[PDB]
Number of protein chains: 2
Amino acid sequence: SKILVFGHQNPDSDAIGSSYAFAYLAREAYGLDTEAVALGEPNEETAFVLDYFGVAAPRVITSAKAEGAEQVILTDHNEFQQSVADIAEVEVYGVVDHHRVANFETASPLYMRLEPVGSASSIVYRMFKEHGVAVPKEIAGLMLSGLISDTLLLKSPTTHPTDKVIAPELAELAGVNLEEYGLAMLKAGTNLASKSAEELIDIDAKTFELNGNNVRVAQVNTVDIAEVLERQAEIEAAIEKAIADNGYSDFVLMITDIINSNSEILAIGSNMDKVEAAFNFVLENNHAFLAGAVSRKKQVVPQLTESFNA
Amino acid sequence: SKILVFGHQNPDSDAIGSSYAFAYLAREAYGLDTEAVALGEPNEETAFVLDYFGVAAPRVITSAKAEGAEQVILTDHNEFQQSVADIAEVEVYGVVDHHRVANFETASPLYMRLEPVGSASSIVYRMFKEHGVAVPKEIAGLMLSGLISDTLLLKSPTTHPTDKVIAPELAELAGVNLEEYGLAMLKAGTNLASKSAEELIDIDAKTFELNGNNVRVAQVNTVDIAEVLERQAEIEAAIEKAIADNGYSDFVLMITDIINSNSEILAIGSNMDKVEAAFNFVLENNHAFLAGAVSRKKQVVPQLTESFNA
Ligand SMILES: [Cl-]
Ligand SMILES: [Zn+2]
Ligand SMILES: [Zn+2]
Ligand SMILES: [Zn+2]
Ligand SMILES: [Zn+2]
């Protein structure tokens, strides 16, 4: 029977790109009856990627059991709360990911291929080369885009030396110029004007427990920090509501400039002294500039973590 | 800094073979400073393997922090309670394994290579091949012996079709005949007569919670079932004591004939009706014959699980 292959809830480009590519690879090289599906519709950055290479969005599902599947393959995630609603009721045949492992468990052995690299799509690509399988131009496009999206065009410190090697091979296969296409697709996910502030602060947001404090950390990509900060009133009203509704001790929003690879940090809550101490900066009107920062998990969360435990 | 590579507590041949082999591969292919260590002394089967190929036992450690390690690599296990005592206090850099995932979590991304095949050694071998790293004769021997040990010379239902393809490749590299070396090494772990009955039932034993009931399932390998049962009285006595002292509802001993691939089941406790039902047999004198049974996790435990649940 069919094995469904999917990325996380609130799919990003790497989630869609990795699962679409892996379902193809599995059919071609592993003898598997796989289908790529998605857990949500594409965001604007991914809608652009899909358009550019002329691939339809993988269909959305909400229950793996409803779709007839007894087995699934997860890509770009493993944590059960990031997965399909009924993940505990199906077998995990396999996982291809680049994140920490938590909230994840199986009854039986499985395939796992995890590497601490820039994207799941990087791993999937290298698996096409291992098995001598040709990469269709549109699948190369999708994988390249996964890698560019997760690392902001190889600028993030989550970029591994192997990523820097495969990026030009992927550009060639995809038929694009690396820097030009990369800039183009990243730009497509920076038009936030038509979204409400509530939506904005929940586009890419997670909660971290830091020495007993529930700290919410969101990120948005932009070509212009000032354009985001010019909506500051409604953003602060959304964040105060979020703090009120959810019991967050603190809310930190990363406003990430994709052109210059820096973030502005807009933060509100009980422990602002610890935010200032984490980054050696001074909040003015709830915000300060953080040079070089584009990775939540490498450049903001560990810094807060240390500071909150100090 | 030195990265420690090791298998699980109470190491079997696969644990030591896969950790020794991977520490070498990681130095040659990944530019890592790895050292293989063990969490216990070799059993009698593994000592035979190590003597055959001219390889010293990996030194035993008890604390990764005492050894000055900050990073470790786990082979043949991932469950924290099967690992080094201070596993929570160091970084898991990588895992290579063929078991289910449980009791396992990391703070950061990592390497994982998991496959539902017959041994971790099988996976390590494939990685040598994938990286173009020539396999030293003694390392092929350690890897082969891990596979043969975990699958009873490829007769276990845990054996994967890829195990059957690699075994002859590994035997040629190791310089041995598959069947004859495999039989010799398996016989080296059947020295039951010089163990007491208390030791015997605890050589390879695990507790499985089956619907509130704590069921102890032990296994021993022998060349002669009837010979093991010459000591039936002292085994039953050791068993009755273990049930009493540990509050097991039931105790199942598999006495596995390595020559013919069958087991005798000797069982004692509150739920024998469910044991008989699990296997379509009648227990006479607390035992019965179970044709084909060599794997506890595939041929004994699921059958008891389903039976213990109606
Ligand atoms: Cl297992
Ligand atoms: Zn993702
Ligand atoms: Zn990703
Ligand atoms: Zn083992
Ligand atoms: Zn093993």
# chains A, B, ... in the order shown; residues from 1 in each chain; ligands from 1
>>> residues_near_ligand(ligand="ligand 3", cutoff="7 Å", atoms="only C-alpha atoms and all ligand atoms", output="CSV table (one decimal) with N, CA and C atoms, in the first residue's frame")
chain,number,residue,atom,x,y,z
A,14,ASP,N,11.9,23.9,2.3
A,14,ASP,CA,12.6,22.7,2.6
A,14,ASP,C,11.7,21.5,2.9
A,15,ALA,N,10.6,21.7,3.6
A,15,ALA,CA,9.7,20.6,3.9
A,15,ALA,C,9.0,20.1,2.6
A,76,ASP,N,12.4,16.5,6.9
A,76,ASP,CA,12.6,17.8,7.5
A,76,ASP,C,11.9,17.9,8.9
A,98,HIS,N,17.3,17.2,9.5
A,98,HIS,CA,18.5,17.9,9.9
A,98,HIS,C,18.2,18.7,11.3
A,119,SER,N,19.9,21.7,5.4
A,119,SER,CA,18.5,21.5,5.0
A,119,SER,C,18.3,20.0,4.8
A,120,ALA,N,17.1,19.5,4.9
A,120,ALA,CA,16.8,18.1,4.6
A,120,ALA,C,17.0,17.9,3.1
A,146,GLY,N,15.0,24.4,-1.3
A,146,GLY,CA,15.0,24.0,0.1
A,146,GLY,C,16.2,24.5,0.9
A,150,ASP,N,16.4,27.5,3.8
A,150,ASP,CA,16.8,27.1,5.2
A,150,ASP,C,18.1,27.9,5.7
>>> residues_around(residues="residue B:52", least_positions_apart="4", cutoff="10 Å", atoms="only C-alpha atoms", output="PyMOL selection string")
chain B and resi 46-48+138+141-142+181+185
>>> write_last_selection(atoms="N, CA and C atoms", output="JSON list (two decimals), in the first residue's frame")
[["chain", "number", "residue", "atom", "x", "y", "z"],
["B", 46, "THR", "N", 32.03, -13.26, 21.70],
["B", 46, "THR", "CA", 32.86, -12.16, 21.20],
["B", 46, "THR", "C", 34.39, -12.38, 21.41],
["B", 47, "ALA", "N", 34.76, -13.04, 22.51],
["B", 47, "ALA", "CA", 36.17, -13.34, 22.77],
["B", 47, "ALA", "C", 36.73, -14.27, 21.71],
["B", 48, "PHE", "N", 35.93, -15.23, 21.28],
["B", 48, "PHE", "CA", 36.25, -16.10, 20.17],
["B", 48, "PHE", "C", 36.48, -15.30, 18.87],
["B", 138, "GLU", "N", 40.69, -7.71, 9.49],
["B", 138, "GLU", "CA", 40.23, -7.93, 10.85],
["B", 138, "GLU", "C", 38.92, -7.16, 11.15],
["B", 141, "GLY", "N", 36.12, -9.09, 9.53],
["B", 141, "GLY", "CA", 35.79, -10.17, 10.46],
["B", 141, "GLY", "C", 34.92, -9.75, 11.64],
["B", 142, "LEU", "N", 35.26, -8.64, 12.27],
["B", 142, "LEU", "CA", 34.45, -8.15, 13.36],
["B", 142, "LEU", "C", 33.04, -7.81, 12.85],
["B", 181, "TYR", "N", 32.84, -20.89, 9.53],
["B", 181, "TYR", "CA", 33.18, -19.87, 10.54],
["B", 181, "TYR", "C", 31.94, -19.47, 11.36],
["B", 185, "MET", "N", 31.68, -19.75, 15.45],
["B", 185, "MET", "CA", 31.55, -18.62, 16.36],
["B", 185, "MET", "C", 30.28, -18.69, 17.20]]
>>> closest_residue(among="A:132, A:292, A:109, A:68", to="ligand 1", atoms="only C-alpha atoms and all ligand atoms")
A:109
>>> residues_near_ligand(ligand="ligand 5", cutoff="12 Å", atoms="only C-alpha atoms and all ligand atoms", output="ChimeraX atom specification")
/A:109 /B:7-8,10-19,74-78,96-100,114-124,143-152,158-159
>>> select_by_dssp(residues="stretch 189-240 of chain A", states="helix (DSSP H, G or I)", output="list in words")
residues 197, 198, 199, 200, 225, 226, 227, 228, 229, 232, 233, 234, 235, 236, 237, 238, 239 and 240 of chain A
>>> write_last_selection(atoms="N, CA, C and O atoms", output="mmCIF file, in the first residue's frame")
data_model
loop_
_atom_site.group_PDB
_atom_site.id
_atom_site.type_symbol
_atom_site.label_atom_id
_atom_site.label_comp_id
_atom_site.auth_asym_id
_atom_site.auth_seq_id
_atom_site.Cartn_x
_atom_site.Cartn_y
_atom_site.Cartn_z
ATOM 1 N N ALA A 197 -0.803 41.550 11.755
ATOM 2 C CA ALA A 197 0.272 41.390 12.709
ATOM 3 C C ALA A 197 0.158 40.069 13.493
ATOM 4 O O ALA A 197 1.167 39.487 13.842
ATOM 5 N N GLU A 198 -1.073 39.609 13.752
ATOM 6 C CA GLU A 198 -1.318 38.330 14.456
ATOM 7 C C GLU A 198 -0.734 37.199 13.649
ATOM 8 O O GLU A 198 -0.088 36.289 14.189
ATOM 9 N N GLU A 199 -0.973 37.285 12.346
ATOM 10 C CA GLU A 199 -0.506 36.312 11.394
ATOM 11 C C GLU A 199 1.007 36.356 11.360
ATOM 12 O O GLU A 199 1.666 35.293 11.402
ATOM 13 N N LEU A 200 1.522 37.591 11.258
ATOM 14 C CA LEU A 200 2.958 37.895 11.171
ATOM 15 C C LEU A 200 3.764 37.247 12.266
ATOM 16 O O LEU A 200 4.696 36.528 11.994
ATOM 17 N N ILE A 225 14.033 46.215 7.204
ATOM 18 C CA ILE A 225 13.646 46.279 8.606
ATOM 19 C C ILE A 225 12.731 47.457 8.948
ATOM 20 O O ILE A 225 11.716 47.280 9.671
ATOM 21 N N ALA A 226 13.048 48.634 8.410
ATOM 22 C CA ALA A 226 12.257 49.841 8.708
ATOM 23 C C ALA A 226 10.802 49.671 8.282
ATOM 24 O O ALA A 226 9.906 50.092 8.996
ATOM 25 N N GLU A 227 10.575 49.010 7.151
ATOM 26 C CA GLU A 227 9.211 48.707 6.712
ATOM 27 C C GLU A 227 8.419 47.862 7.732
ATOM 28 O O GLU A 227 7.229 48.110 7.987
ATOM 29 N N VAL A 228 9.081 46.899 8.372
ATOM 30 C CA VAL A 228 8.415 46.141 9.421
ATOM 31 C C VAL A 228 8.192 46.987 10.660
ATOM 32 O O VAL A 228 7.098 46.979 11.230
ATOM 33 N N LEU A 229 9.216 47.737 11.068
ATOM 34 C CA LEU A 229 9.126 48.528 12.296
ATOM 35 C C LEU A 229 8.107 49.673 12.158
ATOM 36 O O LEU A 229 7.658 50.240 13.159
ATOM 37 N N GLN A 232 4.897 48.853 13.955
ATOM 38 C CA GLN A 232 5.241 48.393 15.296
ATOM 39 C C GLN A 232 4.078 48.376 16.267
ATOM 40 O O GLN A 232 3.967 47.439 17.050
ATOM 41 N N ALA A 233 3.227 49.406 16.227
ATOM 42 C CA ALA A 233 2.026 49.440 17.084
ATOM 43 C C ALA A 233 1.204 48.151 17.014
ATOM 44 O O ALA A 233 0.942 47.540 18.039
ATOM 45 N N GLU A 234 0.789 47.751 15.827
ATOM 46 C CA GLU A 234 -0.056 46.565 15.741
ATOM 47 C C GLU A 234 0.705 45.272 16.068
ATOM 48 O O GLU A 234 0.090 44.324 16.560
ATOM 49 N N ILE A 235 2.023 45.255 15.815
ATOM 50 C CA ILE A 235 2.838 44.105 16.152
ATOM 51 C C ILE A 235 2.912 43.977 17.689
ATOM 52 O O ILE A 235 2.669 42.906 18.235
ATOM 53 N N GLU A 236 3.180 45.080 18.385
ATOM 54 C CA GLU A 236 3.226 45.065 19.849
ATOM 55 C C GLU A 236 1.867 44.687 20.464
ATOM 56 O O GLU A 236 1.822 43.964 21.476
ATOM 57 N N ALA A 237 0.784 45.148 19.839
ATOM 58 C CA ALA A 237 -0.568 44.786 20.312
ATOM 59 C C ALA A 237 -0.825 43.286 20.122
ATOM 60 O O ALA A 237 -1.341 42.642 21.042
ATOM 61 N N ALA A 238 -0.424 42.726 18.964
ATOM 62 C CA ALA A 238 -0.479 41.271 18.793
ATOM 63 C C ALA A 238 0.413 40.488 19.805
ATOM 64 O O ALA A 238 0.004 39.461 20.333
ATOM 65 N N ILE A 239 1.599 41.000 20.116
ATOM 66 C CA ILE A 239 2.517 40.282 20.969
ATOM 67 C C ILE A 239 2.017 40.332 22.438
ATOM 68 O O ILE A 239 2.140 39.355 23.165
ATOM 69 N N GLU A 240 1.414 41.456 22.845
ATOM 70 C CA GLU A 240 0.910 41.608 24.208
ATOM 71 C C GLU A 240 -0.270 40.654 24.427
ATOM 72 O O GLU A 240 -0.379 40.050 25.474
#
